[PDB]
Amino acid sequence: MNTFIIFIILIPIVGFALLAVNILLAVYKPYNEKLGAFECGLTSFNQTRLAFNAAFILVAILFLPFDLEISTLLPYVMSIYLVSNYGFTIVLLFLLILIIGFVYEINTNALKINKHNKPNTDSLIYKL
Amino acid sequence: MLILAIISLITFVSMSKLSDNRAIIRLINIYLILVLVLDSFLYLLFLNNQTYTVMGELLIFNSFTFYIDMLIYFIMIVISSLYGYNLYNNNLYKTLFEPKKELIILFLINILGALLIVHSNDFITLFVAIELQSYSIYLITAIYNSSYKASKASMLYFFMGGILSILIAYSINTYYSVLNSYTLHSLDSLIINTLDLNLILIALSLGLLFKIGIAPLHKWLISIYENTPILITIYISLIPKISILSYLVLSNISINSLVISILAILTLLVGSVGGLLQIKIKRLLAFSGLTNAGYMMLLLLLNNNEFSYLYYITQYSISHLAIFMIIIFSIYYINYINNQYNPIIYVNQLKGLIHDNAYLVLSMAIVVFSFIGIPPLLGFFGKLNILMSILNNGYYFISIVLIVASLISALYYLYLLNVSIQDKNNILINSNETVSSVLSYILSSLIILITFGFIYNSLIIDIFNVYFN
Amino acid sequence: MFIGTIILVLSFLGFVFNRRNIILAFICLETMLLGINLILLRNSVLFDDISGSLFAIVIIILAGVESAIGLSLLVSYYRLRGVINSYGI
Amino acid sequence: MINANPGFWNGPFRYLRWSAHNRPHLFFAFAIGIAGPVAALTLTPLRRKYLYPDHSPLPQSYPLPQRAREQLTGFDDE
Amino acid sequence: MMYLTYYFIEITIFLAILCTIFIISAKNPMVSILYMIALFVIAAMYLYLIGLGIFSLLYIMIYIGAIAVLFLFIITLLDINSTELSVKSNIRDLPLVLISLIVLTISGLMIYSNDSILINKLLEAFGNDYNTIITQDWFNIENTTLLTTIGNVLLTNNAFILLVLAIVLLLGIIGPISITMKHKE
Amino acid sequence: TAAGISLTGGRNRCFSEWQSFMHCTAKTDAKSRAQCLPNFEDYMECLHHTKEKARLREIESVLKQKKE
Amino acid sequence: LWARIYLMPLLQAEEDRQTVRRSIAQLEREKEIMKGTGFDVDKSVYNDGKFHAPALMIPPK
Amino acid sequence: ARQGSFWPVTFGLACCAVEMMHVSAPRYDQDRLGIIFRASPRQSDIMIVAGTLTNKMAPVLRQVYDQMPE
Amino acid sequence: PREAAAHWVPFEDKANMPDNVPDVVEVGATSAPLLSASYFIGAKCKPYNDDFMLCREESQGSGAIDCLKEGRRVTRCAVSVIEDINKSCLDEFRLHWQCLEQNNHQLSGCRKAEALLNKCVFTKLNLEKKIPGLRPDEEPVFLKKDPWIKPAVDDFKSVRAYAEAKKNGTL
Amino acid sequence: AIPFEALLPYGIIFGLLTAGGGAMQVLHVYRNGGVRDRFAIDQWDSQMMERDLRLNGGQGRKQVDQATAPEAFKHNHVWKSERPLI
Amino acid sequence: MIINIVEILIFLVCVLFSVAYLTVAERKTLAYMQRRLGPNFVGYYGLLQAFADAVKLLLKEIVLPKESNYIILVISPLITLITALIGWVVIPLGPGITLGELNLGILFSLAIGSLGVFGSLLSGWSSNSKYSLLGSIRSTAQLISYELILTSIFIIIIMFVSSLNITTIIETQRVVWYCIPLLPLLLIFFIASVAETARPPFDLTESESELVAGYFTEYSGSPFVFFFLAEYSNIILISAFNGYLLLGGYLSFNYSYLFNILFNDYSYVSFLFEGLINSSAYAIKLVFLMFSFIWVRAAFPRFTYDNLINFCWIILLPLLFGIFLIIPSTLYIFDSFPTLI
Ligand SMILES: CCCCCCCCCCCCCCCCCC(=O)OC[C@H](COP(=O)(O)OCCN)OC(=O)CCCCCCCCCCCCCCCCC
Ligand SMILES: CCCCCCCCCCCC(=O)OC[C@H](COP(=O)(O)OCC[N+](C)(C)C)OC(=O)CCCCCCCCCCC
Ligand SMILES: CCCCCCCCCCCCO[C@H]1O[C@H](CO)[C@@H](O[C@H]2O[C@@H](CO)[C@H](O)[C@H](O)[C@@H]2O)[C@H](O)[C@H]1O
């Protein structure tokens, strides 16, 4: 029984203290419209999802590889002395190869949100 | 050169439009040609079968692997030519065959994984390379995302390849649990006959083999080859097979296995019988590839199999490319475009091709009779060398099965030729559009190789006897 | 050895006998990789060997990339279809 | 439009001026990332020659002598 | 007091079986993802138990922190219909499920031993009876831990696989953009 | 490549037996390779502890039934 | 590191003497557990003639 | 506690909301007495009806009121 | 070897050493005084230590049973060094290792006691501290006048003793 | 600084965390026996601390400067018998 | 284990009451910046405002709407609060004065911070509302996007000290605090801290959603108290990360001279004064960083989602992928790769 172990178990199996205090002390007599949700608002049986832009999911899909890159750099910073001037060059090559993909990401503009209703920029020409 | 190509093309494609991808493919095709021309003198390193261990002991370089790499470059050259050069300068052929922006990069990364599979000496390299192949080839199946069939195939292929990769990893980690090693060089006579080790090794072999359609796990890959675009099918039906079978031939893992014999017999029978009622072209060719994969499974039981495997894989690659190119050339004369992705599906759409293009049908006949194994063509010498090896090593029932499969497969190989040399009303009399010069030359060169390569067999054997013995 | 084989086998069965979801297929693949890594790391500890831990961290990286690619492919499938149903992959 | 790209190959120096003015977030990241490897290649030998050389290695294990055994005495029993 | 913490490996095995069953069984796939997270927690526990807390934390920050997050991210954004676990739909699987359970478990336990006779190959796998002696040496002078050694071998003895994982991560960036994004021209 | 390396960066638990076996393999040819059978048995014994487990089973059984 | 190097042999000599003591005591103990049988306890499970500590034991209780 | 944490719901409809805002301004600081105006009624204890109530707005007022916890 | 994992019960052994193995006294010093006497042990026990390690290496597996005479010599040489310290140089030694205890066994927090102890042992026992492997160009860190790294609180008794020794010319 | 009423809560935070750190320093020292804590301990220091526990009568971090050990140190040795990992 | 319980209870009490008074500090500092004063009426000088808020909330109904989920809505605050509080176990207030003196402390911090995203993820699932499920998505995107920058700064610091022991990372800064060589990284880490805490100017989805009927945290009662505690504890913990990475943690001027003047031998008064000085330094740094959070809330307007994602992924990460190359190069040029400990 170390203080670390005591704390990390005690926080979860005690965190419901004020939860129970609130459940026992506080009123609970619901209405229909107190179980409701808004000022106005409704939706028929149309669908279960909304159409979303690609960047919304691409940021999450690209979080995985860049996070794995930055987490794969942890062995290097914990081995930096032992891999002296060899692993340094190796991790630099690693970072350059992974910067090429970041360059691709920037040049494609993959996290940009595009706008449909463009403003009209075409001249007004009158057939005489 | 491949990594230089990848790191160059990523930048150059990011900083380029979609109007430039065809020219990019042309550029990298010429790059691969220059590499295969100028750097191919490295064969002299492998004189008297000198073998080298590189990157610690993570890679192995010998004549076998150098040859497979030259072959994969040749295949990539042809497949890139099909994307970089328009067959006809019409709106139709600018709607059917357009390269997508990232396709060339994914092709080169898949080629990298292929070569790091064949060059692998440690299982960590093998697994990293298997995954680099399979992820890239998922994305290649999926890049034509405006196709329902292709997306569906992408996802099926992801899941099945994932499961088989789980199997490969289980095999590898069990091998490590037993021997505390990831290297097959750790094995010798004593370790094989002292430890029972065949379950692990055949589990690895089957996890690798079911990834190329070995029965009873063939239907999924045949559906994937059917449902993908034609110019994607031509790649995804060939290069993984070369890579994995070359690894399994270089690694002597299944020298007298009963399970591999049984499953190879099953592959032969299925790949011969199931192709008889196929009405579609790509499924027929998929079952053809299945039975050829069976013929090449047979030489995983030999321990001296380099010549037979290299001859057969080279001739099968040439024949595969030639037949897919003939089906690609036949689209100008078919009377009904089926899809934007598979413009030709059914074999009866080739009816009457001899009256529109007769020499295309001559090419088809040459390739069909090489598949059947008719002399003096190249498939005959392939089958002959395989039979030589398997009868020298004592597989006498498998030989009769091989003959019977060679005979049953000829029916669905001849379906194509038969319908092609049939008569048709509404023939072609004139056309002002001409097919490409480069692709015509490539197809003609493949056909001439199939037809006249037997002249050099003596020379090839004399070179093999110096570089592989 | 036991926990990993158990997780692997149950994940494989929950992949094979899944008539419900595609998310369950993804989950079963990830849990299969987990089970392999746990057997691998137990052997790494018993032998006092680093190759197992190296292979394990490599599997972590590769499984992350696998998840990213798989959930991009699912998103393409959903681009075209709009609903990922009980069946049909 | 107002300050569009002039192209690197239609002039490097003008392009880099344009980048510093209109794309600093990329230009100065490029500079930071490029100045490390190049300095590592070019300045390190000057440092070894004129400032101080590289340090001598740390032991990393028991330095087992590369010799044959020698007969000793002292601190024997009794 | 001594043996109160003895069966903490067996408890993790039990909890893992439970969480896998709940993954297969949960009605909403969000709950299946949460039970997968709980299984990762159990695995991280077991890894601490056998002396690999570095891998426990790596798992917590990678699997739960990114992969499970992405799973939740996609099920929050995509319509993934589900058929509930039923007896009219899934009870047909019980014979093959049981046959495969027995066969696969027994083969997975037999595959690890080198003994020739087949029944003994399982009996050695269940031969976990005798304890390991942990003696102390004084030869390791440095403070090298598991992460330090992983870095050392990965950046010196195994630099090639790192510089190939770089291209794997490049795929992880370049594929999803090719598949999800539509390039204008 | 990473063979024979510990979790702490040094020699593993069963290095010496492996190194003896590999010395004997370097001495030998494929026809004289059967001389290296005891060395490989030692390496595998260090790995998996089968013979020691059987020995302790015998000891325990003598402590088990010959007393009760 | 050099302090720890100059202290290694002392501590390892201590550990080696205690290893010898316990490895021999365990054999003399198993001799008295295996009195009236032909079981050779000193027969090593390793074919080399090297000294091997037990590496496994019966649990205490 | 009910006094010193006095959280009304943001129901300003008309020109009395100007005076509410001035009660949040520096001269009269509502926050000195514990007052924080909360957007959603689920977090609120008070409803200050500051503005005319139109017949097109009364259902909304009653919905906001009924959404308030006791 | 690895550290224990997931459960482990200590167990002792009440058996005595065999009689063909002569008896040898143990060293009996704890962590800190031994860290303080490490360099003086290395100055005197170099041949015996390296002979112990060479006979271990030459044995190739049987070092525990083949190296007992050699390890006994190592133990006796270390005991002699620490007996000489206690007989002659105990106050400075105690300053040094108490200073080590209040720090984290960092020798950088103990230089003022280290100087007195090194002077004492070099004059009385003729053993000097030397960090090998260096060049003539490199400065040993225990002789630096103004280091970057200093203790949070320099030890009180050591400061008073250093001051008195500088006022009495012992340093 | 002018607004003391705004700095009073910061002063309470400061005082609480300061007093917490001080009391924790005192409790750590009481736990150790008049010696500051050890930190960043590796395998070597753990094994040396166990050895110290063998040379003192289980008295924690108490140090001994004598040149010969008691004769209990010869029979006080601990080997650890570990559960089988599964 | 008696004194272990005592130490834990002291630490818990001080941390939680610091949070409760950081709420008042926020309000009063923002006020005096805005030429007002408040809260000053609900205790003497406003020192019971947070406890009044808590006691009110703990007597309110725990209404859960019709088409919502009971369990998720109720435990998401609690999971968020647990993860916020167990990150304090590794925070040192002295040389080794910690609850958890883990040699993998940085990774514990960086891994327990990885779990704070699940609160915002699961909040959206506690209703049958399709737009809150998108607000969930936007918030989670922000959090996972700035996690990379925090982790990158962690690794850039660990390039200087090859250890994951927080006390060692602090004790290496007796020479120089790492805010001096890496002053821009201090700005970047503070910016990413404000963005991870979802605090203004990065309060998009809270601001977004109070407009709409949904997409924010419409909790009542005890969930609401737990969320406030989580927020105002994660603020102090991310400022703690700032502290022990860049601002030296508990370090100050060298007080050896002063202690040798005041004392003659180690006593418990000596140790208490050492601890008070060290934790005083740590606390004044935390106070400054919390004041900076409040200042930034007072000064600037708000971002949009596009501007924010663009900020992150196109301005900040390029600089850091460059710094990954420049720091090891600077260590190679001068032969200064750091040793373990
Ligand atoms: C990947 C998805 C994730 C799920 C993975 C599940 C766990 C993996 C299980 C193991 C790996 C799968 C292996 C695939 C099957 C093919 C294995 C194989 O072919 O190896 C067989 C091999 C012998 O074959 P071979 O070397 O070719 O011939 C020479 C013979 N001297 O080697 C052998 O001789 C095998 C040894 C024979 C013992 C087989 C054990 C079966 C025992 C089952 C008994 C069950 C009890 C009775 C029935 C219960 C039903 C109620
Ligand atoms: C190599 C590119 C392959 C691409 C496909 C084209 C086939 C080229 C065949 C040359 C092989 C060689 O000449 O080599 C013989 C090889 C081994 O020799 P090597 O180590 O590879 O040295 C070759 C050095 N080169 C690269 C400079 C040439 O033995 C074999 O088993 C080859 C079996 C293949 C049989 C197919 C014959 C096709 C007919 C050839 C009509 C000209
Ligand atoms: C954590 C301790 C446990 C008990 C929980 C305590 C809950 C109390 C939380 C209060 C924290 C401060 O949070 C609060 O700050 C100020 C208070 O003026 C509010 O701000 C409100 O007041 C005005 C000031 O006139 C602002 O301009 C702003 O437009 C808003 O109307 C914030 O909208 C709210 O976030």
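When reading the values below, keep in mind they use all heavy atoms of this one structure, side chains included, and skip hydrogens, waters and symmetry mates. In the text below, chain A, chain B and the rest are named by the order of the sequence lines, each starting its count at 1.
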- prompt: What part of J:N76 lies closer than 4.5 angstrom to a heavy atom of chain G: side chain, backbone, both or neither?
  reply: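 No part of J:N76 comes within 4.5 Å of chain G.
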Mind checking the [atom1]-[atom2] spacing from [X] to [Y]? Nearest 0.5 Å is all I need.
| X | Y | atom1 | atom2 | result |
| --- | --- | --- | --- | --- |
| J:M48 | G:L7 | CE | CG | 6.0 Å |
| G:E14 | J:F73 | CD | CZ | 4.5 Å |
| G:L11 | J:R51 | CG | CZ | 5.5 Å |

query: Under 3.5 Å, is there a donor-acceptor pair linking the side chains of G:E15 and J:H77?
result: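 Yes, because at least one side-chain N or O of G:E15 sits under 3.5 Å from a partner of the opposite role on J:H77.
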task: Measure G:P60 against the heavy atoms of chain J and call it side chain, backbone, both or neither at under 4.5 Å.
output: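 The side chain, not the backbone.
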Interface moiety of G:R4 toward chain J, non-hydrogen atoms closer than 4.5 Å: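 Both parts, backbone and side chain.
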- prompt: Does CD in J:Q66 sit with more than 12 non-hydrogen atoms of other residues, nucleotides or ligands closer than 6.0 Å?
  reply: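 Check fails, neighbour count at 12 or below.
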- request: Mark yes when over 12 heavy atoms from residues, nucleotides or ligands other than J:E50 sit less than 6.0 Å from its CD; otherwise mark no.
  value: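 Buried by this count: over 12 neighbours within 6.0 Å.
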task: Test side-chain contact (heavy atoms from CB on, under 4.5 Å) on J:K74 and G:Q18 and set out the steps.
output: CA-CA 8 Å; J:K74 279 169 175 295; G:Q18 272 153 8; 5.5 Å; no
